[PDB]
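In the structure tokens that follow, the same protein chain appears in two forms, which are kept apart as structure 1 and structure 2.
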Structure 1
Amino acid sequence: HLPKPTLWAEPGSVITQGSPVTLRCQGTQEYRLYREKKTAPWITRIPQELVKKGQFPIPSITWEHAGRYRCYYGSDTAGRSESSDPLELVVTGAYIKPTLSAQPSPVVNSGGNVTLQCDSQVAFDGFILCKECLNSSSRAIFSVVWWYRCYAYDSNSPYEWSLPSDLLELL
């Protein structure tokens, strides 16, 4: 009826294909969750007992659940809040684990900087780097001083990412 809600994921907003995830909204009872640009049926199956508590669990995430979700409480009639800052539910495991290496080395001097390299065997028009994320033909270069992992993805499915790269820890 005023204050905008918080919308987070648990364990996180990046879920591997087939794994569980629960989006959560906090603000007191009339909670509404919704995906932008394309309606997500999976929400209209959520028990009302859960909806009142701001809980919208997904027992096994599919490529359909991928998307930008916003939350808010109340109604037009009795009054509602603003939608919550968008949450981007990403589903991973769709392509090839790229490779992530520090250039020149994982070893960098304090207060200095380093270049990260996400490399793929095939071509993808988009690479993401997640600091255990930010957007950048088969390689991309980021710069971070630290655990990192990157992903590959096609711009025609921006929320469907590849497998994660091995964990990269800067020393």
Structure 2
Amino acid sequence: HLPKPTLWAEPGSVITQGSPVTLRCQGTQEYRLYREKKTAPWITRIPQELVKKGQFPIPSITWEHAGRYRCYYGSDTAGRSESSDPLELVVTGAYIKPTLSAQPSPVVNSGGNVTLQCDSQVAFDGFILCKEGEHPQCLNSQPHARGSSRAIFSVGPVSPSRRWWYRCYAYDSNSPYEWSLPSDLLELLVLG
């Protein structure tokens, strides 16, 4: 037991509240999953039959599941691996959904850049723009690009052969792993 194992989530690490997700660790059988800063009791309730296979399913995720997780195998007694890279499990749907629009239009010419605006009716110190992959690439708004209840993002160059699907979220930095309901899906339509 030496090499740090791999920790991941299926279908992904950004899950809508109430939906299922399975955290998985792979390195032989003595897997140990844990949440940083605050213990996560659900882990202790996973049947050993699944733990031995590095499977930690969450049938219906709740706000309480959100957090930064790591995994390792072995033990102090028998020796243990380094902890895996961190997995930030995010649960969405905690706040009113923001509005995401393309400036000046969702319809853009190939090779161009477009400005996306995520607007909220309630103040939030955090804004995230996620490009729905095909895992989705989620990025925090830049310091220079966010107001008290709004954030701007610049995407591009765009091309017709690639898909441009986005959704944004607002959140409170004191609970960085709990996001708002997602904004309606924004689909950029690249002419050409």
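Whichever C-alpha set is largest while still superposing within 1.5 Å between the two forms counts as the rigid core. Numbering runs along the sequence of structure 1, starting at 1.
Trainee: Aligning on the core only, does the CA of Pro41 end up 2 angstroms or more away between structure 1 and structure 2?
Mentor: Shift at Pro41: below 2 Å after core fit.
Trainee: Once the two forms are fit on the core, has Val51 moved its CA by at least 2 Å between structure 1 and structure 2?
Mentor: Comparing forms between structure 1 and structure 2, the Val51 CA shifts below 2 Å.
Trainee: Could you check how much the CA of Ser60 shifts between structure 1 and structure 2 after a rigid core fit, in angstrom?
Mentor: Once the two forms are fitted on their core, the shift reads 1.2 Å.
Trainee: What is the magnitude, in angstrom, of the C-alpha shift at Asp85 between structure 1 and structure 2 when the rigid core serves as the superposition reference?
Mentor: Once the two forms are fitted on their core, the shift reads 0.8 Å.
Trainee: Rigid core superposed: how many angstrom does the CA of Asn113 shift between structure 1 and structure 2?
Mentor: Displacement of the C-alpha, rigid core superposed: 2.3 Å.
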